[PDB]
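Report on the structure given below.
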Ligand SMILES: Nc1ncnc2c1ncn2[C@@H]1O[C@H](COP(=O)(O)OP(=O)(O)O)[C@@H](O)[C@H]1O
Ligand SMILES: Nc1ncnc2c1ncn2[C@@H]1O[C@H](COP(=O)(O)OP(=O)(O)O)[C@@H](O)[C@H]1O
Ligand SMILES: Nc1ncnc2c1ncn2[C@@H]1O[C@H](COP(=O)(O)OP(=O)(O)O)[C@@H](O)[C@H]1O
Ligand SMILES: [Mg+2]
Ligand SMILES: [Mg+2]
Ligand SMILES: [Mg+2]
């Protein structure tokens, strides 16, 4: 039987089959509800719109994210996301197809418990697995050793692996990713005059961030360049036809990833997080983590981030070590591609959490069987 | 059992059955009462005249409109209008047929209370319902989304509806329509030596407004053209035999719709009211609404109004928007046609306000049941 | 040299000297223009009336508000407001008196640019400063820690401050205040038959809201009580002598502050805004923020709002917290009183933005110097 | 006790929118 990989990220659900190269169904994880009064009777008036339909009719909908910082808050909304991504996107029956899910490290355990219980009682499977995203990213990079910075839409985590042995005391989680960048861009877009308050306008500011934003190599020189001349300014067309023009806010929005104190967080940026995750490891393997800095996630999809990361780690590391940022062009879907490796591996077939094991051991086998 | 549709506008009652294309009875809502000393005994003398008979003998009658700006003041006159349009015009029993009535938005509630009370106690029905006219106009246009500018004889209102979901905070109401234009034409027809002060003469000035008037594409150029040459001047024959000739007053009378400051009103024109009702909506849906300007009512029956409205909205909107105005040739009765859409729907059978629910909850259930 | 405090609010300009308890010049910010044809020659017919004169002759004027939601749109009208509030009300030379101004948080920066440019070029002061209103309200409360909800005529903002250290990532701005309540009362007064459409009638509806309206402790029990008996109904005399009587609209008007979905806004009420601004803060200051809820602004001047605010925050907070809504009776002018503190402090004298610093650094020092 | 032993033993949418 062919398997399913369903990366339930905070922003974008990426679901599809096993053995494929690209994910079949990429759609954002929002649940929309109508907030006005319907006057036309009938017309297929649904009480809820899930996914890209909620992207389409978004001017009359309140959009709720079921996932915040890797932790599923609303569980009926997550059931609606899973029902949509099984029955509408893929059009599959989960009773005859295995499923691998991805999970951030340092997650609360009851999230995994309710994920296992919904996947075994509501959408009950022959088998399923819950894995760590950084192991799948290092699978898709094609190497055995390396440190992975995975930054989705809620969770930025650094996990180092040497020779297939992960070090659990060096795992570093930071709750700063693209949704906080979207909220900070909504905060700083009001400086120029453009106001975005609703949940519908969050998608517009997210589209502005996806199309126009980039990581600056030097923040002070780019701020002096944007203050001096209007060469870095770019224009964008809104859905109502109005045209906006933004300047330094193209690079101030991803600069929260290297300076969290803009949004009031005490913790350091991603480069010192990666450097402290390197320095928490044992002393022999650090050189083998210095040359294999694998990036993944959509938030590392800016076209300035690899050279900035190389500059900051080269500033932090000793000078006699080679810093090599592994940045593949397909790093956005890469965790899914790692699942398409790991579902296809012949040695993984004994590592399924079967239904008989769940019915024997309760919902307690998921802690001792997984990581 | 077929339903009944009875649009009780400020100027013309349009009544008929459901399922029919044309309105069966279109007649003005006037009540005539005699104002002179009757000297011949007998001869079929009536104390009241309603409708076309009151139009026939209008030289010796005082005509009263029971509805002014959507608010019915004289209620015995309105009972005579309803008794005439049930027993004489339509000749049907109101005890065996449901009756839908229409209503302007932001109408006073006691009008709906007394309408429900007279429909349930004087002309007691199986059921009744109070609906919005712009929903029926958008039904008659055959679409789901769109902004509706309805303009009858008293009320001109803009209602935007997106995907069957109306926006109640964006509904705009203006008390300026064809009766005020008839009074303004009565004011400006005294410039050329023609005096019209009685209520009988208001029908003649309304016939002059219906027949000869048109909307100028540019007001200043057409005024300079009419001041320069006598090419736009037209002649009309009065029923006694006199001939009048008018020039610029063909396009000064419907210019008050686009410019209310002629008749001393602080409100802006209908194009800026339509633009503000678009701009009060959410930012995602405006590209539909600019493509779906829907006009209805007889006051939009001038043969110059759509090009002027397109020029004004095209000047107001940004240049990347397709300004489309849907003005069907049957837009004078289309609201009634929309009632014949809604009363013949199979899903509207559950939304009637019955006799038993009225006797349970008093005459106050029509607020919670309707819009 | 005695300083000046000029709170340019959205609805009422409050200006006066420093060192004083009560504001000397409190007058609404409206610019009137005549919309009718003047026929009497001479007699000092001004083309514009500013302030209380615009309140006096408002039957023949169109009144324009130069400030909408804290953002000054019309700048020549704002220059007329500033020229009237310096030369006519205060009767002071602006070039010999420093003038602190107030500003809403999360304002567009070009408003601050043009405010600094007009305050340094047209009315060329020796020095000025732009501050935040909530810090002035926490000055006038006498304390140091606390969260301030300042609600004026355009802007309702929540700002938390602990020990003189604000948290700018928890400042929450909501564009819902007393002008939206005045427009909502203008919308809901049409149910009873009273129509108010012009800008002259908006002052009458605002005076009705100031005199008769109050905040319900519970909305549903008050609605059932007003629906049951006519004990809550009150009367008011119009300037033409007609007497109006209102019932539940006394408490339906400020209930939009706790339920914004009455006017079609997606965001939550002011109590949920205060609770989310408390929960956005760090944890160890939170017990200090629950006990110091300081309220200011005229929109918090209803005689039911402190008990409703205490009930809603105690419903949202955990049960072992001492909720204490600080509601002084002088909270309508209290922001100005805080300006009278901050202009009179000995340590503030080094924090003026001078003329020489403006001429050195352009109109760009107001972002770097102010907060 | 017998019930305790037995219990605890160890299309329309498209037709609507068209019309
Ligand atoms: N080309 C891009 N440039 C900048 N940011 C991007 C780009 N593509 C995606 N993003 C950001 O990354 C996020 C998607 O990353 P992903 O790992 O797919 O999130 P999730 O899996 O949690 O939905 C989006 O929220 C978006 O803000
Ligand atoms: N062909 C026309 N051209 C210009 N004006 C018209 C025309 N037909 C009707 N009108 C005017 O437009 C008004 C609107 O008519 P209607 O909406 O049927 O009024 P009501 O339904 O309120 O009685 C009428 O009062 C009439 O004076
Ligand atoms: N007694 C009252 N009850 C309710 N609202 C009031 C009362 N007095 C004034 N207001 C409202 O307060 C507003 C004035 O607030 P203001 O002091 O100008 O705040 P800001 O300066 O922040 O705009 C007015 O628009 C009015 O609607
Ligand atoms: Mg992911
Ligand atoms: Mg009509
Ligand atoms: Mg203020």
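Here chain A follows Swiss-Prot for its numbers: 7-377, in order, are the residues you see.
Structure method, as recorded: electron microscopy, 3.4 Å.
Any Cβ shown, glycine's included, is placed from N, Cα and C.
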Which of the listed residues, A:42, A:75, A:90, A:163, has Swiss-Prot annotated as tele-methylhistidine? A:75
For Swiss-Prot, the entry region 'Interaction with alpha-actinin' belongs, out of A:98-111, A:112-125, A:126-139, A:140-153, to A:112-125
Could you tell me which of the ranges A:347-359, A:360-372 is annotated in Swiss-Prot as region 'Interaction with alpha-actinin'? A:360-372
Helix, strand or coil at residue A:86 (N6-methyllysine), per DSSP? helix
Checked against DSSP, the composition of the region 'Interaction with alpha-actinin' (A:112-125) is 11 helix, 0 strand, 3 coil
Those modified residues, A:46, A:49, A:63, A:75, A:86: which ones have a Cβ sitting under 6 Å from ligand 1? none
Quick one, of the modified residues A:46, A:49, which Cβ has the fewest other Cβ within 10 Å? A:49
By the criterion CB under 8 A from chain B, which of the modified residues A:46, A:49, A:63, A:75, A:86, A:179 would you report? A:46, A:49, A:63
Under 8 Å Cβ-Cβ to anything in chain D: which of these modified residues pass, A:46, A:49, A:63, A:75, A:86? A:49
Quick check: of the modified residues listed here (A:49, A:75, A:86, A:179), which one has the Cα closest to that of residue A:63 (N6-malonyllysine)? A:49
Which residues of the same chain, at least 6 positions away in sequence, have a Cβ lying under 8 Å from the Cβ of residue A:179 (ADP-ribosylarginine)? A:110, A:111, A:112, A:161, A:162, A:163
Which whole-number value in Å describes the distance between the Cα atoms of residue A:86 (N6-methyllysine) and residue A:75 (tele-methylhistidine)? 19
